[PDB]
Every structure is written in structure tokens, then in C-alpha cells.
>>> print(open('query.cif').read())   # mmCIF, C-alpha atoms
data_coords
#
loop_
_atom_site.group_PDB
_atom_site.id
_atom_site.type_symbol
_atom_site.label_atom_id
_atom_site.label_comp_id
_atom_site.auth_asym_id
_atom_site.auth_seq_id
_atom_site.Cartn_x
_atom_site.Cartn_y
_atom_site.Cartn_z
ATOM 1 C CA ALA V 1444 -126.914 -195.267 -58.051
ATOM 2 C CA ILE V 1445 -124.946 -193.942 -61.023
ATOM 3 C CA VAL V 1446 -123.275 -197.344 -61.403
ATOM 4 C CA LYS V 1447 -126.741 -198.934 -61.412
ATOM 5 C CA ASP V 1448 -127.801 -196.489 -64.136
ATOM 6 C CA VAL V 1449 -124.716 -197.436 -66.173
ATOM 7 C CA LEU V 1450 -125.546 -201.121 -65.655
ATOM 8 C CA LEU V 1451 -129.143 -200.719 -66.837
ATOM 9 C CA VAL V 1452 -128.021 -198.630 -69.832
ATOM 10 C CA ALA V 1453 -125.561 -201.383 -70.774
ATOM 11 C CA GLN V 1454 -128.264 -204.027 -70.279
ATOM 12 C CA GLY V 1455 -130.676 -202.181 -72.569
ATOM 13 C CA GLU V 1456 -127.961 -201.647 -75.177
ATOM 14 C CA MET V 1457 -127.102 -205.359 -75.070
ATOM 15 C CA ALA V 1458 -130.795 -206.274 -75.352
ATOM 16 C CA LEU V 1459 -131.274 -204.118 -78.446
ATOM 17 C CA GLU V 1460 -128.007 -205.505 -79.847
ATOM 18 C CA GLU V 1461 -129.394 -209.022 -79.395
ATOM 19 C CA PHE V 1462 -132.644 -207.936 -81.060
ATOM 20 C CA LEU V 1463 -130.755 -206.505 -84.050
ATOM 21 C CA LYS V 1464 -128.641 -209.666 -84.247
ATOM 22 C CA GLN V 1465 -131.820 -211.772 -84.191
ATOM 23 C CA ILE V 1466 -133.281 -209.743 -87.064
ATOM 24 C CA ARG V 1467 -130.037 -210.143 -89.029
ATOM 25 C CA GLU V 1468 -130.054 -213.886 -88.308
ATOM 26 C CA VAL V 1469 -133.633 -214.344 -89.485
ATOM 27 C CA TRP V 1470 -132.881 -212.330 -92.630
ATOM 28 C CA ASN V 1471 -129.737 -214.209 -93.633
ATOM 29 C CA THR V 1472 -131.497 -217.479 -92.768
ATOM 30 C CA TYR V 1473 -134.683 -216.599 -94.680
ATOM 31 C CA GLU V 1474 -134.952 -218.105 -98.161
ATOM 32 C CA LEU V 1475 -137.606 -217.551 -100.821
ATOM 33 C CA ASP V 1476 -140.290 -220.168 -101.419
ATOM 34 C CA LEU V 1477 -139.922 -221.585 -104.932
ATOM 35 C CA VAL V 1478 -142.660 -223.606 -106.652
ATOM 36 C CA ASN V 1479 -142.380 -225.291 -110.054
ATOM 37 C CA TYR V 1480 -144.654 -224.110 -112.885
ATOM 38 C CA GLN V 1481 -145.518 -226.979 -115.282
ATOM 39 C CA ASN V 1482 -141.813 -227.951 -115.280
ATOM 40 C CA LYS V 1483 -140.945 -224.643 -116.977
ATOM 41 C CA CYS V 1484 -139.583 -222.627 -114.044
ATOM 42 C CA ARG V 1485 -139.688 -222.423 -110.251
ATOM 43 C CA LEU V 1486 -141.923 -219.444 -109.509
ATOM 44 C CA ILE V 1487 -141.756 -217.451 -106.273
ATOM 45 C CA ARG V 1488 -144.282 -217.907 -103.459
ATOM 46 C CA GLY V 1489 -144.583 -216.481 -99.956
ATOM 47 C CA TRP V 1490 -145.537 -212.967 -101.035
ATOM 48 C CA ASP V 1491 -147.915 -212.355 -98.124
ATOM 49 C CA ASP V 1492 -145.665 -213.434 -95.258
ATOM 50 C CA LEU V 1493 -142.581 -211.972 -96.966
ATOM 51 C CA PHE V 1494 -144.235 -208.545 -97.120
ATOM 52 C CA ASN V 1495 -145.560 -208.992 -93.573
ATOM 53 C CA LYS V 1496 -142.058 -209.737 -92.262
ATOM 54 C CA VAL V 1497 -140.575 -206.776 -94.147
ATOM 55 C CA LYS V 1498 -143.227 -204.404 -92.780
ATOM 56 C CA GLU V 1499 -142.882 -205.742 -89.225
ATOM 57 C CA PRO L 2613 -133.940 -213.627 -131.880
ATOM 58 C CA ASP L 2614 -131.661 -211.492 -129.660
ATOM 59 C CA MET L 2615 -129.313 -210.174 -132.355
ATOM 60 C CA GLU L 2616 -129.830 -207.041 -134.450
ATOM 61 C CA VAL L 2617 -128.968 -206.619 -138.137
ATOM 62 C CA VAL L 2618 -127.477 -203.472 -139.684
ATOM 63 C CA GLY L 2619 -126.874 -203.303 -143.424
ATOM 64 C CA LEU L 2620 -123.699 -201.627 -144.681
ATOM 65 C CA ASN L 2621 -123.171 -201.208 -148.426
ATOM 66 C CA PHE L 2622 -119.538 -200.653 -149.353
ATOM 67 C CA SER L 2623 -118.368 -199.027 -152.579
ATOM 68 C CA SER L 2624 -115.019 -198.135 -154.128
ATOM 69 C CA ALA L 2625 -114.698 -194.826 -152.258
ATOM 70 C CA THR L 2626 -115.586 -196.265 -148.844
ATOM 71 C CA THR L 2627 -113.650 -194.924 -145.854
ATOM 72 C CA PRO L 2628 -113.964 -195.936 -142.167
ATOM 73 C CA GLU L 2629 -116.060 -192.762 -141.733
ATOM 74 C CA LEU L 2630 -119.027 -194.909 -142.818
ATOM 75 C CA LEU L 2631 -118.385 -197.376 -139.984
ATOM 76 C CA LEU L 2632 -117.942 -194.471 -137.571
ATOM 77 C CA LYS L 2633 -121.229 -192.884 -138.682
ATOM 78 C CA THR L 2634 -123.058 -196.196 -138.254
ATOM 79 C CA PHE L 2635 -121.555 -196.441 -134.760
ATOM 80 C CA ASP L 2636 -122.696 -192.904 -133.957
ATOM 81 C CA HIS L 2637 -126.226 -193.697 -135.140
ATOM 82 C CA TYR L 2638 -126.653 -197.118 -133.528
ATOM 83 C CA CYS L 2639 -124.388 -197.006 -130.451
ATOM 84 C CA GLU L 2640 -123.246 -194.827 -127.553
ATOM 85 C CA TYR L 2641 -119.916 -194.032 -125.902
ATOM 86 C CA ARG L 2642 -119.797 -194.445 -122.118
ATOM 87 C CA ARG L 2643 -116.794 -193.990 -119.848
ATOM 88 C CA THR L 2644 -115.760 -196.817 -117.520
ATOM 89 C CA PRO L 2645 -112.812 -197.119 -115.111
ATOM 90 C CA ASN L 2646 -111.408 -199.783 -117.445
ATOM 91 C CA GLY L 2647 -111.718 -197.382 -120.370
ATOM 92 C CA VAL L 2648 -114.033 -195.944 -122.978
ATOM 93 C CA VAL L 2649 -116.389 -198.581 -124.378
ATOM 94 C CA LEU L 2650 -118.927 -198.777 -127.193
ATOM 95 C CA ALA L 2651 -122.143 -200.806 -127.047
ATOM 96 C CA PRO L 2652 -125.471 -200.836 -128.921
ATOM 97 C CA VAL L 2653 -128.317 -198.636 -127.729
ATOM 98 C CA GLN L 2654 -130.700 -201.398 -126.638
ATOM 99 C CA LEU L 2655 -129.237 -203.753 -124.053
ATOM 100 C CA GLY L 2656 -129.109 -207.533 -124.212
ATOM 101 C CA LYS L 2657 -128.700 -207.717 -128.001
ATOM 102 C CA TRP L 2658 -125.647 -208.118 -130.229
ATOM 103 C CA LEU L 2659 -125.273 -205.760 -133.180
ATOM 104 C CA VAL L 2660 -124.364 -207.239 -136.564
ATOM 105 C CA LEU L 2661 -122.795 -204.977 -139.192
ATOM 106 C CA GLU X 1548 -146.649 -216.864 -121.199
ATOM 107 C CA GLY X 1549 -149.832 -218.901 -120.833
ATOM 108 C CA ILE X 1550 -151.616 -217.057 -123.632
ATOM 109 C CA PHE X 1551 -148.592 -216.940 -125.970
ATOM 110 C CA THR X 1552 -147.868 -220.650 -125.424
ATOM 111 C CA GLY X 1553 -151.267 -222.345 -125.241
ATOM 112 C CA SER X 1554 -153.103 -220.076 -127.667
ATOM 113 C CA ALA X 1555 -152.347 -220.653 -131.344
ATOM 114 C CA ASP X 1556 -152.451 -218.258 -134.342
ATOM 115 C CA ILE X 1557 -150.807 -215.444 -132.338
ATOM 116 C CA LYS X 1558 -147.510 -216.071 -134.137
ATOM 117 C CA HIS X 1559 -149.219 -215.694 -137.510
ATOM 118 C CA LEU X 1560 -151.437 -212.765 -136.503
ATOM 119 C CA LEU X 1561 -148.947 -210.874 -134.297
ATOM 120 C CA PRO X 1562 -145.473 -212.006 -135.417
ATOM 121 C CA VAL X 1563 -143.251 -209.131 -134.284
ATOM 122 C CA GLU X 1564 -145.107 -208.901 -130.964
ATOM 123 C CA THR X 1565 -144.784 -212.609 -130.226
ATOM 124 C CA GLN X 1566 -141.110 -212.406 -131.260
ATOM 125 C CA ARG X 1567 -140.557 -209.632 -128.724
ATOM 126 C CA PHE X 1568 -142.386 -211.813 -126.209
ATOM 127 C CA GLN X 1569 -140.007 -214.739 -126.718
ATOM 128 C CA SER X 1570 -137.072 -212.305 -126.581
ATOM 129 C CA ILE X 1571 -138.195 -210.996 -123.187
ATOM 130 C CA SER X 1572 -139.301 -214.417 -121.891
ATOM 131 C CA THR X 1573 -135.807 -215.821 -122.434
ATOM 132 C CA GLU X 1574 -134.314 -212.996 -120.352
ATOM 133 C CA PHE X 1575 -136.894 -213.418 -117.583
ATOM 134 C CA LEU X 1576 -136.353 -217.189 -117.515
ATOM 135 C CA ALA X 1577 -132.570 -216.739 -117.345
ATOM 136 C CA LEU X 1578 -132.836 -214.315 -114.422
ATOM 137 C CA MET X 1579 -135.338 -216.662 -112.759
ATOM 138 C CA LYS X 1580 -132.918 -219.579 -113.142
ATOM 139 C CA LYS X 1581 -130.206 -217.440 -111.538
ATOM 140 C CA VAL X 1582 -132.579 -216.656 -108.650
ATOM 141 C CA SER X 1583 -133.346 -220.369 -108.271
ATOM 142 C CA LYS X 1584 -129.604 -221.090 -108.237
ATOM 143 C CA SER X 1585 -129.064 -218.545 -105.421
ATOM 144 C CA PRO X 1586 -132.351 -218.569 -103.468
ATOM 145 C CA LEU X 1587 -131.278 -216.230 -100.640
ATOM 146 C CA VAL X 1588 -133.070 -212.891 -100.354
ATOM 147 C CA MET X 1589 -129.817 -211.025 -99.690
ATOM 148 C CA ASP X 1590 -128.204 -212.773 -102.665
ATOM 149 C CA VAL X 1591 -131.012 -211.968 -105.115
ATOM 150 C CA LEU X 1592 -130.915 -208.397 -103.822
ATOM 151 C CA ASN X 1593 -127.140 -208.246 -104.320
ATOM 152 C CA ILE X 1594 -127.087 -209.583 -107.894
ATOM 153 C CA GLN X 1595 -126.294 -206.919 -110.479
#
>>> encode(input="query.cif", output="C-alpha cells")
Amino acid sequence: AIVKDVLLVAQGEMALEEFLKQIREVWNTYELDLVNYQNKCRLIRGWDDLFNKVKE
Amino acid sequence: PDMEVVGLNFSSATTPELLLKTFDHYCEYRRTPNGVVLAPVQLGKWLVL
Amino acid sequence: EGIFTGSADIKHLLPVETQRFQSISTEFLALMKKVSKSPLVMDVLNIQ
């Protein structure tokens, strides 16, 4: 009844908390792709999937 | 390459007002929590008097 | 950088412009080396 409604509200809140934690984990795990440029510098790659992840 | 040059020509009747006027022309005063500081207008370059 | 490095006669023809290009290329390379030293997205966002 009302206790079941409280339980499902808590379950949904925990599920969205886990989703937010997963997004935080993938962001603080994510690292830029660096590629050398004629031994002058390591240029940045991964523009397409970086922007795709940000938009998603 | 990253260092400006400013020419100052002293004379007999030279007072620190000349240095202050060069500072007013070539630099700005900005307030910081540490205190008032003075730096050249364009960043990343050292001014030479 | 490719044009100003590989192509010659730019220093003679456009001296002040190529000098500004080296002046800005040093700054970009320094910031790029900092980014390579700390390759995390949050870190490179949080640098000043």
C-alpha cells in the first residue's frame, strides 16, 4: 500500500543515484586520446566520440 | 621573443614621475586579495624598462 | 605550424608575423605539454 509506494520511490531514487554514480565514474575514468605529431607534441584525438558522450 | 622593450632616457632633472608615467602608459593596476599589483597590458610577456 | 615550419622565406618576407607565430606556438606547446602531463578531462578543465 503506502509502504509499497515508499519502497518503490526509494528503489527509483536508488536506481537514479546508481545511474548518476555511473556517469560520474565514467567521467572521472575517461581520459583524452593523445597522438604524437612528428615527435613535436601529442595532439588530441577522440573528438567524435567525446562530443557524442557529452551530448548523450 | 616573449619580452617587451621600453626605452627610458634619463636626464639631470629626472624624477620618479617619469617611471610612474611609463607605468601608467604601459601597465594597469588591479586589486587582488594579496594586495594591489602592477603588470604589463599584454599577458605572457615581461616588460623591460 | 606546418606552413611556418616547412615553408621557407616566410621569415624573410613576413618577419614580425612569423615572430608572433613562434611567440604563440611556444605558449600553445607549453599548455599542450601540461595537458599531456595531466590527461584527465576533469583535470584539463580544472587547470587555470
>>> axis_aligned_box(input="query.cif", around="range 1554-1570 of chain X", padding_each_side="3 Å", output="AutoDock Vina command-line options")
--center_x -145.1 --center_y -214.8 --center_z -131.9 --size_x 22.0 --size_y 17.8 --size_z 17.3
>>> closest_atom_pairs(input="query.cif", of="chain V", to="chain X", cutoff="9 Å", atoms="only C-alpha atoms", output="Markdown table")
| residue | atom | partner | partner_atom | distance |
| --- | --- | --- | --- | --- |
| V:1470 | CA | X:1588 | CA | 7.7 |
| V:1471 | CA | X:1589 | CA | 6.8 |
| V:1472 | CA | X:1587 | CA | 8.0 |
| V:1473 | CA | X:1587 | CA | 6.9 |
| V:1474 | CA | X:1587 | CA | 4.8 |
| V:1475 | CA | X:1586 | CA | 6.0 |
| V:1476 | CA | X:1586 | CA | 8.4 |
| V:1477 | CA | X:1583 | CA | 7.5 |
| V:1483 | CA | X:1576 | CA | 8.8 |
| V:1484 | CA | X:1576 | CA | 7.2 |
| V:1485 | CA | X:1583 | CA | 7.0 |
| V:1486 | CA | X:1579 | CA | 7.9 |
>>> interface_residues(input="query.cif", of="chain L", to="chain X", cutoff="10 Å", atoms="all atoms listed in the file", output="compact mmCIF listing (two decimals) with C-alpha atoms, keeping the file's coordinate frame")
# COMPACT_ATOMS: atom_id res chain seq x y z
CA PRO L 2613 -133.94 -213.63 -131.88
CA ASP L 2614 -131.66 -211.49 -129.66
CA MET L 2615 -129.31 -210.17 -132.35
CA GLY L 2656 -129.11 -207.53 -124.21
CA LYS L 2657 -128.70 -207.72 -128.00
>>> residues_around(input="query.cif", residues="residue 2650 in chain L", least_positions_apart="5", cutoff="9 Å", atoms="all atoms listed in the file", output="MDAnalysis selection string")
chainID L and resid 2635 2639:2642
>>> write_last_selection(input="query.cif", atoms="C-alpha atoms", output="PDB file, in the frame of the given file")
ATOM      1  CA  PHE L2635    -121.555-196.441-134.760  1.00  0.00           C
ATOM      2  CA  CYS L2639    -124.388-197.006-130.451  1.00  0.00           C
ATOM      3  CA  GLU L2640    -123.246-194.827-127.553  1.00  0.00           C
ATOM      4  CA  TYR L2641    -119.916-194.032-125.902  1.00  0.00           C
ATOM      5  CA  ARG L2642    -119.797-194.445-122.118  1.00  0.00           C
TER       6      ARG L2642
END
>>> atom_distance(input="query.cif", atom1="CA of residue 2616 in chain L", atom2="CA of residue 2660 in chain L")
5.9 Å
>>> residues_around(input="query.cif", residues="residue 1551 in chain X", least_positions_apart="4", cutoff="10 Å", atoms="all atoms listed in the file", output="short mmCIF file (atom, residue, chain, number, x, y, z; two decimals) with C-alpha atoms, keeping the file's coordinate frame")
data_model
loop_
_atom_site.label_atom_id
_atom_site.label_comp_id
_atom_site.auth_asym_id
_atom_site.auth_seq_id
_atom_site.Cartn_x
_atom_site.Cartn_y
_atom_site.Cartn_z
CA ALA X 1555 -152.35 -220.65 -131.34
CA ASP X 1556 -152.45 -218.26 -134.34
CA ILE X 1557 -150.81 -215.44 -132.34
CA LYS X 1558 -147.51 -216.07 -134.14
CA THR X 1565 -144.78 -212.61 -130.23
CA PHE X 1568 -142.39 -211.81 -126.21
CA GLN X 1569 -140.01 -214.74 -126.72
#
>>> atom_distance(input="query.cif", atom1="CA of residue 2661 in chain L", atom2="CA of residue 2618 in chain L")
4.9 Å
>>> closest_residue(input="query.cif", among="L:2624, L:2638, L:2619, L:2630", to="residue 2652 in chain L", atoms="only C-alpha atoms")
L:2638
>>> atom_distance(input="query.cif", atom1="CA of residue 1491 in chain V", atom2="CA of residue 1578 in chain X")
22.3 Å
